[PDB]
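Undergrad: So I pulled this structure from the PDB, and the sequence comes with it:
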Amino acid sequence: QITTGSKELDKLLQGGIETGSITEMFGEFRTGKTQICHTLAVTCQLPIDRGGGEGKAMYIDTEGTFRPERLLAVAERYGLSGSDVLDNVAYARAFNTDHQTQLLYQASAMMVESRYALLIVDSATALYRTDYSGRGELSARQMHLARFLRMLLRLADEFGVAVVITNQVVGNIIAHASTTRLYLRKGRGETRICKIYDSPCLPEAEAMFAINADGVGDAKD
Amino acid sequence: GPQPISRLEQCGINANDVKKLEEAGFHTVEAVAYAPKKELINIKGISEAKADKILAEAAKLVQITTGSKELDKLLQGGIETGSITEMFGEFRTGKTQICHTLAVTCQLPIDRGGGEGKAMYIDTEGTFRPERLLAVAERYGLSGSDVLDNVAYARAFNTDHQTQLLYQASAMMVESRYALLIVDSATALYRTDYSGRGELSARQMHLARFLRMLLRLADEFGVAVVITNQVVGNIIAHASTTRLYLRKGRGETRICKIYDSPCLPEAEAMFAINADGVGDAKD
Amino acid sequence: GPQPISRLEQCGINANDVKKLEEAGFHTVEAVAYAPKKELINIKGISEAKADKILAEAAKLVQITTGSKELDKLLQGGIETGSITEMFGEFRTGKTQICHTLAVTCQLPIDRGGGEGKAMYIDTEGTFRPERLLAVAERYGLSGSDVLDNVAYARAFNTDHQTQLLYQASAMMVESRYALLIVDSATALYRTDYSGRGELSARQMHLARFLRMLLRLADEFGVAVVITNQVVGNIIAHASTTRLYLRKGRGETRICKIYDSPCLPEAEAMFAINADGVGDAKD
């Protein structure tokens, strides 16, 4: 299983995210989903005993919030090389949903040629909400996302990746196909509150985490 | 530097289609490998099967002073080389003079508030002025005649060549150490070129390509990128590594505010505009 | 520098299509090389393949005194050469006389608040006479007869004919230095032709292309553009680089406000209208 980079959130996940599974997180604006995912992007490279996956991360960014220096800091926290971490976190920003789905093809085709532990899709719904913002064409956006989600599940079996996706609330289409969902709340400080929203296999319990200097970790409060 | 698209011929694509890619301005294999199949398919005779081959075979290969100490102190030293910055506000709040000051000063040593290199001035609005460039050059001690060319120039008058100039830079911006790129009134062409309210999806998808190439160039050559936005959106707030609002007082008195950033707090600084470019709020 | 469309014909486009570009407002390669296909396709008789050929072939190629020192001091020197500036105002504000003043004074030495060149005077309204210019010229010390030659006059009754007079400007403005470009009651031919409520989108498109023509010409030749407008559209309030509001002060004395300008101060100045043109008020 692959570590979220919090011992608490992993013990809530009964050891971390599964190789061969989809999981999601959502919450309020500026709750650090990218910093959880930047941690995951390094930690999936680790030995499996560390909650590792001994393989690369895909970083399907939607929003341009990816930076090398956060990955350098997370790398040296785990004792990994920062430049190995940059070489192990494949980056390109999907500017639209078609580009997000094409980046599942870039991911999968080149993942025949290399071992990935993880796929990140960061603010995934923002592209669906900016290419198809209006109520006029919802079945096209939704079936383009149903394709994208089948492809996530297909990749998770085809290459063994854990798949993590990140979402915005002030949709319900993912609630059955996902194997666990997380809710993030707005606790005080750079410390934040995490809870399992639902899981068919895990407790509805809580974990406390923080944005540290070295990405997301367990709360050091 | 990048893998130039000429090499893709050794990877397998016929040289005629590689020249049709270079005529699309797609002068690097990297500068297509990070983009969707549509942008290749849209090139005449380069079909779906040729875009499949192009991208499969591509994997064989793939701080500047504003002239104001106070505005540079809002910028925590001035514009960082290897970034996008955006400033937005009403007409004449400063855009053209901000750009003319930065386009010169990027040629300075980094310690003197530079980026150690050339500028590109993608002028959407025809407000390039040699007089104004020379006034900054003689103030900051740069060669005035060389400033007129080290500020490499073209007027843009649709978003397409505003953007295809970034693909021309996928050649030209290899050829020296550009410190800077300016697109001046960058958003205005998305408002002139797609103005009927049945046409807005074309503004969106074309703006995505533009902002993609800006941040690419910032990663590919280490340029700072400055984009100036007219007022009388959130995708540009994403692409801009920090955002800025421009305002005014009586006289030529100006204020800037940081309004969006994952890295910097919301903060404000006071400045002015002078016969010798952008400067501090002196009296 | 500027990019004239007189280069396009020799590439393979027939001269009468280049004349349709000029008479539609695309006076320049700086209006057809970097432009959307739809804008070329909208012109009478020009096909999509001819728009393609126009683009492919063009891609082979590529302050004045108002006469009142107080209103000029509000303008921090006067009307800017190489800009659009709009004045809009109430009934009997004498707007033609402001225009006849500017038409004379643009010919003067720049240090006198001149412009060192001719004016175009596109008319909509028949308020011009040669006599108006004669009595103005003799204040500023210009010859009244040469002032008529320096104020190229024609009236339009419709906005196509008016656009054709901007074609006459675009061709003839190469033969002498123009400092100014007047269109007197510029909005009024849109109001005569497009009074039908539903036609506002076609007025806005025709007027937007016309405002661009004025801007290209200002960028091509360094002309100030002066356009006079009527109080009971808002496209001119941001297509002009600063807006001026005229009200009915007492007698021929009229109040000006800088109604919006994030650079020039948004204050007021008082001026009189005379046979000698616009001057400062005396009590």
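TA: It's in. Residues are numbered from 1 along each chain as shown, chains lettered A, B, ... in the order given.
Undergrad: I'd say residue A:146 and residue A:174 touch.
TA: No - applying Cβ atoms under 8 Å, one finds residue A:146 not in contact with residue A:174, separated by 9.9 Å. The C-beta positions use only the backbone N, C-alpha and C, and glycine is treated the same way.
Undergrad: quick one: which of these two has more around it?
TA: More crowded of residue A:146 and residue A:174, by other Cβ atoms under 10 Å in any protein chain shown: residue A:174, with 19 against 14.
Undergrad: For that one, give me its contacts.
TA: Residues near residue A:174 by Cβ atoms under 8 Å, 6 or more residues apart in numbering or on different chains: A:22, A:24, A:149, A:165, A:167, A:181.
Undergrad: List the contacts of the residue nearest to the fourth one when sequence neighbours are not counted.
TA: Closest residue to residue A:165 apart from its sequence neighbours, by Cβ to Cβ, 6 or more residues apart in numbering or on different chains: residue A:121 at 4.4 Å. Applying Cβ under 8 Å, 6+ apart, we find residue A:121 in contact with A:60, A:62, A:100, A:152, A:163-166.
Undergrad: Which parts of chain A are strands?
TA: With strands called from DSSP state E, chain A shows them at A:21-27, A:56-61, A:89-93, A:116-122, A:162-168, A:181-185, A:191-198, A:206-212, A:215-218.
Undergrad: Relative to residue A:81, which of those strands is closest?
TA: strand A:89-93 (12.1 Å; Cβ to Cβ).
Undergrad: Select the longest helix from chain A.
TA: Counting residues, the longest helix in chain A under DSSP state H turns out to be helix A:138-158.
Undergrad: Which two of the contacts of residue A:174 have the greatest separation?
TA: A:149 and A:181 (13.2 Å).
Undergrad: Can you dump the C-alpha atoms of stretch A:48-55 in CSV for me?
TA: Presented in CSV, the C-alpha positions along stretch A:48-55 are these (Å, rounded to 0.1, in the frame of the first residue of the first chain):
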residue,chain,number,x,y,z
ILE,A,48,6.8,-0.7,-0.2
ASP,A,49,7.6,-1.2,3.6
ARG,A,50,7.6,2.7,4.0
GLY,A,51,4.1,2.6,2.5
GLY,A,52,6.0,2.8,-0.8
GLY,A,53,5.2,1.6,-4.3
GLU,A,54,8.9,1.5,-5.7
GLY,A,55,7.8,3.5,-8.9
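Undergrad: That stretch: how far from the chain's middle?
TA: 16 Å (Cα atoms, centre = their mean, to the nearest Å).
Undergrad: List the buried residues in it.
TA: Neighbour-count burial for stretch A:48-55 flags A:48, A:51-53, A:55 (criterion: 16 or more other Cβ atoms under 10 Å in any protein chain shown).
Undergrad: Name the nearest of these relative to residue A:207.
TA: Looking across the buried residues of stretch A:48-55 and measuring by Cβ to Cβ, the closest to residue A:207 is residue A:51, at 13.5 Å.
Undergrad: That closest one contacts residue A:1, correct?
TA: Yes - Residue A:51 is in contact with residue A:1 according to Cβ under 8 Å; the separation is 5.9 Å.
Undergrad: between these two, what contacts are shared?
TA: A:10, A:15-16.
Undergrad: Just the buried residues of those residues.
TA: Buried, going by 16+ other Cβ under 10 Å: A:10, A:16, out of the shared contacts of residue A:51 and residue A:1.
Undergrad: near chain B too, which of the shared contacts of residue A:51 and residue A:1?
TA: Counting by Cβ under 8 Å from any Cβ of the partner chain, the subset of the shared contacts of residue A:51 and residue A:1 that neighbours chain B is empty.
Undergrad: got the shared contacts of residue A:51 and residue A:1 as TSV, with distance to residue A:78 columns?
TA: Formatted as TSV, those follow (distance: Cβ to Cβ, whole Å):
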residue	distance to residue A:78
A:10	14
A:15	17
A:16	14
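Undergrad: Show only the entries of the shared contacts of residue A:51 and residue A:1 found in helices.
TA: residue A:10.
Undergrad: ok, residue A:49 to chain B distance?
TA: Plainly put, residue A:49 is 33 Å away from chain B if you go by Cβ to the nearest Cβ, to the nearest Å.
Undergrad: List the residues that contact the residue in chain A that chain B sits nearest to.
TA: When you check chain A against chain B by Cβ to the nearest Cβ, the closest residue turns out to be residue A:95, at 3.8 Å. Shown in contact with residue A:95 (Cβ under 8 Å, 6+ apart): A:127, B:208-209, B:211-212.
Undergrad: Pretty sure residue A:44 is one of the things residue A:55 touches, is it not?
TA: Yes - counting by Cβ under 8 Å, residue A:55 does reach residue A:44; the two are 6.4 Å apart.
Undergrad: intersection of neighbour lists for the two?
TA: A:116-118.
Undergrad: any idea how far chain C is from the residue of chain A positioned farthest from its centre?
TA: Relative to the mean C-alpha coordinate of chain A, counting by Cα atoms, centre = their mean, the farthest residue is residue A:136 (29.5 Å). Using Cβ to the nearest Cβ, one gets 22 Å for the distance from residue A:136 to chain C.
Undergrad: try residue A:26
TA: 40 Å.
Undergrad: Could you do residue A:218 as well?
TA: 50 Å.
Undergrad: Next, count neighbours for residue A:137.
TA: Count around residue A:137 with other Cβ under 10 Å applied: 11.
Undergrad: likewise residue A:138?
TA: 11.
Undergrad: One more: residue A:73?
TA: 18.
Undergrad: Quick one: residues contacting it.
TA: By Cβ under 8 Å, 6+ apart, the neighbours of residue A:73 are A:82, A:213-215.
Undergrad: again, 6 Å this time
TA: Residue A:73 sits next to A:213-214 when contact means Cβ atoms under 6 Å, 6 or more residues apart in numbering or on different chains.
Undergrad: And for residue A:192?
TA: A:184, A:209.
Undergrad: Mind listing the residues bridging to it?
TA: Taking DSSP bridges, one finds residue A:209 as the beta-bridge partners of residue A:192.
Undergrad: ditto for residue A:216
TA: With DSSP bridges as the rule, residue A:216 is bridged to residue A:211.
Undergrad: My guess is it contacts residue A:37. True?
TA: No - under the criterion of Cβ atoms under 6 Å, residue A:216 makes no contact with residue A:37, lying 8.5 Å away.
Undergrad: tell me which parts of chain A are close to chain B?
TA: A:63-64, A:92, A:95, A:99, A:102 (Cβ under 6 Å from any Cβ of the partner chain).
Undergrad: try 7 Å this time
TA: A:63-65, A:92, A:95-96, A:98-99, A:102, A:110 (Cβ under 7 Å from any Cβ of the partner chain).
Undergrad: Which of the residues you listed are buried? Put it as a ChimeraX command.
TA: This is the ChimeraX syntax for the buried subset of the residues of chain A next to chain B, where burial follows 16+ other Cβ under 10 Å:
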select /A:63,64,65,92,95,96,98,99,102
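Undergrad: The residue sitting nearest the centre point of chain A: what's it in contact with?
TA: Taking Cα atoms, centre = their mean as the criterion, residue A:164 is the residue nearest the geometric centre of chain A, at 3.2 Å. Residue A:164 is in contact with A:17, A:23, A:37, A:40, A:118, A:120, counting by Cβ atoms under 7 Å, 6 or more residues apart in numbering or on different chains.
Undergrad: ok, back up a step: what angle do the longest helix of chain A and strand A:56-61 make?
TA: Angle, helix A:138-158 to strand A:56-61, by axes from the mean of the first three to the mean of the last three Cα atoms, to 10 degrees: 170 degrees.
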